[PDB]
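Structure first, then comments.
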Amino acid sequence: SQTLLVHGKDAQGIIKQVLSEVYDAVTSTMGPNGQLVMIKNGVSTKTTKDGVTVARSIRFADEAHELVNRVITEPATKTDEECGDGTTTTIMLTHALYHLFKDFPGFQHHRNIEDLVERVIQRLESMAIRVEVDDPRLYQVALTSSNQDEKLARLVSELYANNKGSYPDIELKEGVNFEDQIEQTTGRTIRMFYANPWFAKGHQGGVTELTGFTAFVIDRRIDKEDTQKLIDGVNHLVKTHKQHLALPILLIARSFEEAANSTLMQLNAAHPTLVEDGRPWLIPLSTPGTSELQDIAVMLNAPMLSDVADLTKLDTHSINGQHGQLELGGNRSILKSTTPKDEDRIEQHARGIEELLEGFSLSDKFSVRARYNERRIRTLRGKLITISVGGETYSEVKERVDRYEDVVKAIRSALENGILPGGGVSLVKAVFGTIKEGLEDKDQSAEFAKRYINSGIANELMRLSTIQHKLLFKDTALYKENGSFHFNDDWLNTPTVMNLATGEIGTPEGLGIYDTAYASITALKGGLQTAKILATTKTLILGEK
Amino acid sequence: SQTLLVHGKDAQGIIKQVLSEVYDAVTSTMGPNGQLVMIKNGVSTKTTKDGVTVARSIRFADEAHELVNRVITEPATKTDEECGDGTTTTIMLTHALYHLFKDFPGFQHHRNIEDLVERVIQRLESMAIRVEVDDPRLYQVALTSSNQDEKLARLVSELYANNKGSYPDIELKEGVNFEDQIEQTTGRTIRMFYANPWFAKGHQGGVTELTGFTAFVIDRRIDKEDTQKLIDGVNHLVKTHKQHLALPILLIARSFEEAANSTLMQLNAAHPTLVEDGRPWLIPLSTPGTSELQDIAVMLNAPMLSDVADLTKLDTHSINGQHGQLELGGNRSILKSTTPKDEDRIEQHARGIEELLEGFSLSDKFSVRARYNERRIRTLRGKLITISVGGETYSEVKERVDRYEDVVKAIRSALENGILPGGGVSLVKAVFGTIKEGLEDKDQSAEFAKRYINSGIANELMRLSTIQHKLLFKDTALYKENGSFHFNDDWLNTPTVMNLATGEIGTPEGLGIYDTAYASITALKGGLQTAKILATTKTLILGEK
Amino acid sequence: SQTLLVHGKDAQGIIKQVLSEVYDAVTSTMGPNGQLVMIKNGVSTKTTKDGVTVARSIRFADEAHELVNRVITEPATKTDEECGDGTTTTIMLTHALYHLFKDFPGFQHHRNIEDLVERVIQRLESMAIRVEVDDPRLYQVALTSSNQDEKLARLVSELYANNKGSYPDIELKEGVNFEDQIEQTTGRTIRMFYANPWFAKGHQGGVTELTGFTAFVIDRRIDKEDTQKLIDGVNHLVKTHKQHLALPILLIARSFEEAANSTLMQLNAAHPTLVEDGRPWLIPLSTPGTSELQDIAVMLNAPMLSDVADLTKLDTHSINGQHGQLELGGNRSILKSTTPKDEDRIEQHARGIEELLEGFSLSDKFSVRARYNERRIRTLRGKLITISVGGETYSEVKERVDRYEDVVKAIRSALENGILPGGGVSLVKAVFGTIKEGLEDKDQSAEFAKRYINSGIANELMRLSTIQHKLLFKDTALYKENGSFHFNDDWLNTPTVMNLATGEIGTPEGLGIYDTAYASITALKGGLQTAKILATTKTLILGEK
Amino acid sequence: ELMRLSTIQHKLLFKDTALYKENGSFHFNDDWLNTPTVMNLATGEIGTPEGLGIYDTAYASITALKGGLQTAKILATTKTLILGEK
Ligand SMILES: Nc1ncnc2c1ncn2[C@@H]1O[C@H](COP(=O)(O)OP(=O)(O)O)[C@@H](O)[C@H]1O
Ligand SMILES: Nc1ncnc2c1ncn2[C@@H]1O[C@H](COP(=O)(O)OP(=O)(O)O)[C@@H](O)[C@H]1O
Ligand SMILES: Nc1ncnc2c1ncn2[C@@H]1O[C@H](COP(=O)(O)OP(=O)(O)O)[C@@H](O)[C@H]1O
């Protein structure tokens with residue numbers, strides 16, 4: 001609290017500092033041969049090689065430093081929370097490109113840098129591999145991410161390879177035994193749950209199992225302003241349309257606030273003739289993206305309704321009571337018995353969503369838009385698997401659950417978005433490609449040389465792609481011969497790396513080292529903006545207002 | 001005097017420091033637009049832009065620093081003491097290549113660097129231009145080095161252009177008038193002078209003028225061990241061979257020490273019959289490279305003699321007394337009247353030396369061997385010119401003499417070794433050439449890529465050639481447009497620079513900016529070794545034994 | 001002795017500092033109303049308003065500061081040593097233009113500044129007034145420079161006004177009485193004096209008076225190498241040409257060294273027949289600019305001779321013995337009796353020098369070339385006046401001598417180079433003129449605006465001319481009315497100032513305040529270069545080698 | 001003095017760009033006053049503000065100057081600072 005206002009020379013000196021510190025800390029941990037960090041938390045010691053853990057938990061003393069650290073860290077942290085891998089890499093690059101931006105100042109050059117990298121990005125996007133569940137490489141992918149588990153990879157790759165035609169959704173529970181236990185099902189998890197514990201079996205948040213129902217999907221959030229539209233709705237269907245109705249009447253909506261939940265408790269007490277074994281004939285169901293409720297509507301033959309007052313204006317055309325089988329829960333509800341008349345309607349609805357993705361742009365196929373729409377498909381079609389993980393102690397079971405979850409996250413994103421060749425190669429080929437493409441095309445080579453090659457950027461960026469490769473393999477067998485390394489054309493055609501586990505030398509394709517497409521893309525994408533930011537900042541404020 | 005022994009991390013940290021300081025100090029002064037230094041010497045202020053002065057006179061506080069400074073400085077200082085220009089440049093490069101050596105460690109790489117640069121050196125050696133006295137560019141050369149004197153350049157270029165067929169030797173004296181004064185002669189200066197003041201006219205180191213003599217050239221250094229060989233020699237010629245002898249008998253040798261000079265004073269007193277007007281008939285003559293006395297022998301019809309005892313065994317075949325005209329002096333002797341019978345013998349002797357240079361290697365044509373042999377030619381053939389420089393005060397005459405001496409040094413080395421295109425261009429072309437030559441030749445491109453291009457050196461060395469060009473023109477008209485500069489093929493073909501005097505833009509060939517070949521070669525040559533040294537040193541000792 | 005090497009930010013910060021200090025010290029002293037400085041010298045106190053004294057004697061503590069001070073000071077000091085006035089002014093401006101150079105950086109702008117000021121300089125050179133001895137303003141000039149002496153001005157202006165047709169040369173001696181005493185003569189001082197005290201009357205450096213002689217002017221410096229050419233010369237004239245010869249034979253030359261003076265002492269002893277009353281018949285005469293001896297030659301009918309050996313080859317055509325009257329002295333020789341046959345030859349020689357000045361350029365008319373040639377004219381033609389200054393004490397006589405010498409220096413340069421209008425006006429008109437001239441001329445106004453007006457320099461330079469006027473009159477009657485001052489066209493036509501002595505307000509032409517042309521020119525000229533230097537310096541060295 | 005001050009905004013925006021590189025600094029001649037040339041910082045091209053599409057609301061740059069004045073004055077004419085909590 002000397003000065004709360006930092007301008008200029010100073011600010012960047014600090015940014016440089018911090019960035020350099022973090023880099024050292026985290027990059028040390030990269031790969032299987034990476035060295036370890038010890039972390040205090042009160043009275044204990046986590047000792048790790050998880051860059052993300054390291055990164056998340058690195059702290060500093062001066063407010064200034066921290067201020068900047070946060071900016072380096074949160075983006076790396078933000079990769080694993082959606083992708084599942086690739087923070088270190090992000091950081092490494094964040095250093096890489098920063099340094100770069102600093103070598104070529106002037107607010108035309110920064111513009112030029114961006115475009116170049118952006119084109120490189122697209123080259124990565126194109127280089128994307130694809131994999132079906134049958135393929136053997138899913139093993140090798142699962143093997144990489146499981147830090148060399150000969151047991152897990154085998155199991156999980158069989159899971160996906162045996163169900164050829166359905167994508168298995170997988171859950172995890174902490175088991176009791178030394179052995180694992182697998183529970184395969186043919187139903188799908190639904191995101192709906194009780195609004196109030198009273199509406200369940202036994203009137204206290206239990207698990208009500210049903211063999212008949214009539215669902216109705218409302219969109220609006222429900223509170224004290226809807227209590228009247230509900231009384232008009234409920235008594236209109238129970239009086240007029242009671243003939244064609246299997247109990248219970250499920251009222252699925254966005255949110256049920258407590259003023260409307262107490263109204264529907266008394267509407268259950270209003271008709272005690274329709275109470276069978278304690279089960280209330282009306283259950284309100286909330287959900288945590290409007291079209292996710294449209295999926296809930298399609299699975300259960302329920303119509304979609306915008307307003308609560310629309311419950312009145314209905315007919316045998318719009319009311320459809322199902323005689324399947326449903327298991328409601330406080331956490332989530334589960335469907336099981338699906339008559340093949342329904343499986344035609346859900347499969348038709350899923351084809352409608354798939355056709356929307358078929359005519360997406362290639363860049364939008366890695367957006368959140370597409371990834372949510374595929375999260376819809378797998379709710380609609382797929383097989384629920386419950387694995388109960390075990391082991392010799394308590395902590396080793398809990399750790400083994402995490403190692404499984406890593407595996408699933410890897411495998412899903414593997415077949416979903418393909419895979420690139422490992423050992424920091426893919427990036428090198430991409431850069432050297434992108435340079436060669438624009439320089440080779442006679443049309444624009446005019447300006448291309450002038451912007452990138454002539455100014456010297458191209459050459460700088462080429463050396464930067466190398467970094468990952470340098471970090472992994474500096475001080476090994478590969479790099480010993482010939483002083484440093486010779487990234488010639490011969491190498492570009494057949495890139496040679498070292499498997500750090502084994503010790504042998506070969507192609508990443510040969511040896512079985514692959515990174516998820518989505519990671520090393522997001523890494524670079526993320527790397528750029530965050531680099532830029534640090535580079536173009538000229539001021540730090542620490543003043544609590 | 002904390003520690004007298006510096007090893008490692010420290011030593012180089014220091015070397016870096018110093019080198020960086022010096023560079024800043026000196027490079028600031030480069031070109032006509034360079035900024036100024038003020039220097040104390042006791043109670044005064046020299047304010048300058050002379051890099052050499054700056055360099056020579058920069059001091060430091062810690063013994064350590066100085067230790068290193070000396071090593072940077074003395075080589076730069078050593079360029080002007082033989083070439084006459086090019087210290088700054090040397091230093092700039094000394095930084096340049098240092099920095100380089102540091103980027104590529106490993107004692108194969110340093111080897112590779114050397115070879116590359118060496119090849120570049122040869123490319124400079126080849127790029128060498130040539131100039132005859134008639135050519136207009138000698139003006140433009142003289143104009144550059146005279147810091148834009150429209151008067152001096154004109155005069156001195158006329159001097160060399162009017163005597164087409166003889167290379168004028170030029171001396172300088174501090175004059176009396178506001179105007180200069182020129183004294184043209186047709187004689188040649190000889191490096192011989194009195195051993196003792198007694199042997200002159202008036203017996204006190206005066207200027208004896210003669211119209212007849214008989215010279216004898218001895219090789220050995222003469223002291224107390226030769227006093228007897230002289231008495232046997234002198235009386236053998238004065239008794240036996242007095243008929244065919246014109247006085248005085250000149251005894252030219254290397255050194256006459258005082259034990260032999262007093263012997264020949266009494267040998268003059270021994271025959272007082274041969275004393276005409278006070279003039280002693282015997283004069284010993286010393287000279288400050290054995291074959292320089294062979295030139296003295298050829299000009300004067302004197303024979304060459306290895307020993308002092310050889311003076312006895314002589315005949316009319318070996319004794320030849322000249323009837324020309326000679327002016328002996330305490331500083332130097334001067335010849336004037338040369339009978340066309342002698343001018344055939346000297347011209348034949350000069351052709352013998354020229355033929356030795358005709359079949360020299362191109363690299364040996366810039367050695368000391370060739371340069372001394374051409375210093376022989378110009379003693380033998382050429383016209384002595386005495387210029388007496390004047391002006392309005394005392395200090396401005398003395399300064400004007402120096403400016404003239406700069407001009408002569410420039411012009412001589414200009415026609416002697418040619419000239420390269422200025423503005424730090426020549427170096428750029430050479431590098432880009434040398435890279436393109438070896439990479440283009442299909443024979444060895446195999447290894448060439450592997451050593452220089454692939455490792456990245458080539459690219460580093462290319463950026464380094466630029467430095468001179470960057471320093472001169474950064475922050476001007478030329479460099480404003482397009483952020484920085486674009487050293488494309490188009491530029492290599494027609495290199496554009498800025499004349500800092502005028503402001504206009506064009507080729508160095510067009511605008512009239514030329515550097516002596518010998519300088520920018522010696523600069524680079526010197527740059528390399530001295531760079532290496534600083535780079536490869538790992539220890540500093542300060543201990544007075 | 002912390003650091004002996006100062007680069008950059010620092011160096012200029014220091015230069016700024018010093019310059020600012022000096023300025024304050026000296027500028028405080030400008031004009032009659034200026035405040036006083038007290039100076040220590042050991043054990044006393046000089047208290048003054050003499051800027052030059054102040055300037056010369058200001059000292060500093062850090063070597064650095066001093067280093068720079070010297071550079072500011074010596075040029076100011078150098079004005080009074082040739083002009084006699086105008087140091088403060090110089091300094092003021094040295095600040096002024098410095099400051100300016102700093103506002104417009106970039107090494108085109110500095111070039112532009114120079115040219116502008118240079119044109120301004122020429123406008124001053126043109127504005128030059130002229131004055132004949134008769135004119136009343138010489139009084140007013142003499143009055144200004146004599147710090148308001150109603151007695152001195154009157155006397156000295158009468159001296160020059162009474163001798164209308166001859167420019168009086170004036171000397172000064174410290175008198176005995178309370179009253180002054182004037183000694184008018186019709187002879188001219190000559191710069192020749194005894195080489196040795198032996199050659200005088202009484203043989204001990206006395207004042208030999210003569211009524212007949214035969215002079216001979218030699219050019220060369222005479223030493224041990226001329227002793228023989230003298231014995232051949234002297235005995236050739238005393239033997240062959242003794243008939244047409246009046247004694248003594250005066251041998252006027254540049255320098256007589258002691259080896260030749262002892263030769264001519266014995267040549268006087270060689271012919272004792274020609275010794276009359278002790279007077280040696282041969283006197284060597286030395287002089288401290290070759291053509292000053294040509295003046296000595298023309299006054300005395302002596303021929304000019306280049307060599308000492310030329311004394312032999314002479315005839316009645318070349319030897320001419322005068323029967324005038326001469327008074328030789330150890331300090332200087334004096335001529336008196338001049339036959340009207342001689343006064344035709346000297347007056348013809350003086351017309352020859354005047355005609356060389358008639359066709360000089362206007363810029364070269366203020367050079368050293370012209371000023372030395374006029375120092376020749378006044379040696380040749382003019383009246384010697386010896387004033388013996390007195391007063392009540394010792395120190396007040398010595399001070400009164402200095403006040404007289406100021407007066408003469410002023411008056412001579414007044415009629416010699418004219419006079420400009422005072423109170424720092426002339427400079428203002430010049431600037432405002434030079435701006436208006438180039439801007440008004442339709443031919444080049446194109447570029448003129450672009451260089452000077454458009455960039456803003458012109459306006460800056462205008463405000464700077466004001467400074468002198470501001471310093472003199474800020475905090476007075478003139479500047480009280482209207483906040484500050486309004487340099488309108490009306491003012492430019494009729495410039496109003498304040499006489500600081502009286503208090504009244506009027507034109508400098510009206511009130512009688514005039515500066516010598518040569519001063520305020522040299523001030524500005526000097527101001528510029530020295531300003532530039534300080535501005536363009538980027539380095540300070542303090543290291544004793 | 002006031003003329004040089006109007007420039008400031010223009011100087012700040014475009015110092016160290018394409019426009020200001022040529023001719024040392026800038027030449028606010030009559031020719032410029034008639035057809036004022038600026039640089040669009042988004043694109044990089046050079047032209048009139050009318051041509052390129054760069055416009056400020058009237059109310060702002062008025063209130064700016066209006067506000068600028070009084071607040072300038074105040075700071076300039078103040079000669080005293082009190083910090084004493086009563
Ligand atoms: N067994 C292996 N052999 C060779 N390279 C490997 C191996 N395992 C990982 N790599 C390489 O090292 C990197 C793994 O680092 P990791 O710390 O898991 O990355 P992040 O924490 O950023 O997800 C990947 O870029 C991969 O190409
Ligand atoms: N008038 C000019 N115009 C353009 N370039 C010049 C001019 N004069 C010199 N140069 C360039 O600048 C350098 C001169 O620096 P200088 O200090 O004289 O070198 P050094 O002290 O090393 O001899 C040369 O390399 C030359 O090419
Ligand atoms: N009596 C006076 N009235 C008005 N102005 C004067 C008077 N005397 C001198 N000045 C002005 O003041 C300056 C005299 O300063 P001075 O210290 O004598 O100059 P310097 O020391 O540079 O010769 C001159 O420029 C002159 O114009």
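Simple scheme: letters A, B, ... for chains in structure tokens order, numbers from 1 for residues in each chain, numbers from 1 for ligands in the order shown.
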
Need the shell around range 435-442 of chain A: protein/DNA/RNA residues with any atom at most 9 Å away, counting only C-alpha atoms. Skip same-chain ones fewer than 3 positions apart. Format as number ranges by chain?
A: 116, 120, 430-432, 445-446, 448-449, 452-453, 458, 462

Since we have the selection now, will you write its residues out, keeping C-alpha atoms, as an mmCIF file, in the first residue's frame?
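Saved as out.cif:
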data_model
loop_
_atom_site.group_PDB
_atom_site.id
_atom_site.type_symbol
_atom_site.label_atom_id
_atom_site.label_comp_id
_atom_site.auth_asym_id
_atom_site.auth_seq_id
_atom_site.Cartn_x
_atom_site.Cartn_y
_atom_site.Cartn_z
ATOM 1 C CA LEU A 116 -1.225 -15.012 -38.477
ATOM 2 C CA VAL A 120 -2.578 -21.196 -37.648
ATOM 3 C CA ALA A 430 0.628 -26.277 -38.195
ATOM 4 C CA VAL A 431 2.939 -23.236 -38.007
ATOM 5 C CA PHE A 432 5.347 -24.501 -40.691
ATOM 6 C CA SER A 445 2.434 -13.952 -51.465
ATOM 7 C CA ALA A 446 2.844 -10.311 -52.447
ATOM 8 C CA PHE A 448 2.157 -12.162 -47.117
ATOM 9 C CA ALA A 449 5.967 -11.752 -47.324
ATOM 10 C CA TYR A 452 4.921 -11.792 -41.821
ATOM 11 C CA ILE A 453 8.098 -13.028 -43.462
ATOM 12 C CA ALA A 458 7.082 -15.751 -39.266
ATOM 13 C CA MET A 462 8.241 -20.896 -35.977
#

Residue hits in chain B, query chain A, radius 8 Å, only C-alpha atoms, as a list in words:
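On the chain B side, the interface is residues 106, 450, 454, 455, 483, 484, 485, 486, 487 and 488 of chain B.
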
Return as an NGL selection string the residues of protein, DNA or RNA that approach ligand 2 to within 8 Å, with only C-alpha atoms and all ligand atoms taken into account.
:B and (29-32 or 34 or 49-52 or 84-90 or 144-145 or 147-148 or 421-425 or 468 or 472 or 497-502 or 508 or 513-515 or 519)

Could you give me, as a ChimeraX atom specification, the residues within 6 Å of range 153-168 of chain B, counting only C-alpha atoms and dropping anything in the same chain fewer than 6 positions from it?
/B:133-134,139,142-143,382-383

Counting only C-alpha atoms, what is within 8 Å of residue 72 in chain B, bar same-chain residues fewer than 3 positions away, as a ChimeraX atom specification?
/B:19,68-69,75-76,91,94,530

Counting only C-alpha atoms, chain D residues within 10 Å of chain B, as a count of residues only
8

As a ChimeraX atom specification, which residues of range 67-223 of chain C does DSSP assign to alpha helix (DSSP H)?
/C:67-80,87-103,109-127,137-145,152-162

Distance of CA of residue 75 in chain D from CA of residue 60 in chain D, expressed in Å to one decimal place:
21.8 Å

For the atom pair CA of residue 193 in chain B and CA of residue 260 in chain C, what is the interatomic distance in Å to one decimal place?
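According to the coordinates, CA of residue 193 in chain B and CA of residue 260 in chain C are separated by 26.1 Å.
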
When DSSP works through the backbone of this structure, what residues of range 388-456 of chain A end up as strand (DSSP E or B), shown as a CSV table (one decimal) with N, CA, C and O atoms, in the first residue's frame?
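Generated file (part24.csv):
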chain,number,residue,atom,x,y,z
A,388,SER,N,-19.4,-48.5,-9.8
A,388,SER,CA,-19.0,-48.3,-8.4
A,388,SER,C,-17.6,-48.7,-8.2
A,388,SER,O,-17.3,-49.9,-8.0
A,389,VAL,N,-16.7,-47.7,-8.1
A,389,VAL,CA,-15.3,-47.8,-8.0
A,389,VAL,C,-14.9,-48.2,-6.6
A,389,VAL,O,-15.3,-47.6,-5.6
A,419,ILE,N,-8.7,-36.1,-32.4
A,419,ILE,CA,-7.5,-36.2,-31.6
A,419,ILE,C,-6.3,-35.8,-32.5
A,419,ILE,O,-6.3,-36.1,-33.7
A,420,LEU,N,-5.3,-35.1,-31.9
A,420,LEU,CA,-4.1,-34.7,-32.7
A,420,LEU,C,-2.9,-35.4,-32.3
A,420,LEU,O,-2.9,-36.0,-31.2
A,421,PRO,N,-1.8,-35.5,-33.1
A,421,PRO,CA,-0.6,-36.2,-32.8
A,421,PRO,C,0.2,-35.5,-31.7
A,421,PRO,O,0.5,-34.3,-31.8

Taken to one decimal, the CA of residue 377 in chain A-CA of residue 184 in chain A distance is 19.3 Å

Would you kindly return, as a PyMOL selection string, each protein, DNA or RNA residue with an atom no farther than 10 Å from any atom of residue 13 in chain D, considering only C-alpha atoms and excluding same-chain residues fewer than 3 positions away?
chain D and resi 8-10+16-17+38-41

Contacts of residue 294 in chain C within 9 Å, only C-alpha atoms, excl. fewer than 4 positions in-chain, as number ranges by chain:
C: 217, 290, 298-299, 303-304

Name the closest residue to residue 102 in chain C among the candidates C:182, C:16, C:246, C:319; distances are taken between atoms, counting only C-alpha atoms.
C:16

I'd like the neighbourhood of residue 189 in chain C as a list in words, where a residue qualifies if any of its atoms comes within 7 Å (using only C-alpha atoms), though same-chain residues fewer than 2 positions away should be ignored.
residues 187, 191, 333, 334, 335 and 379 of chain C
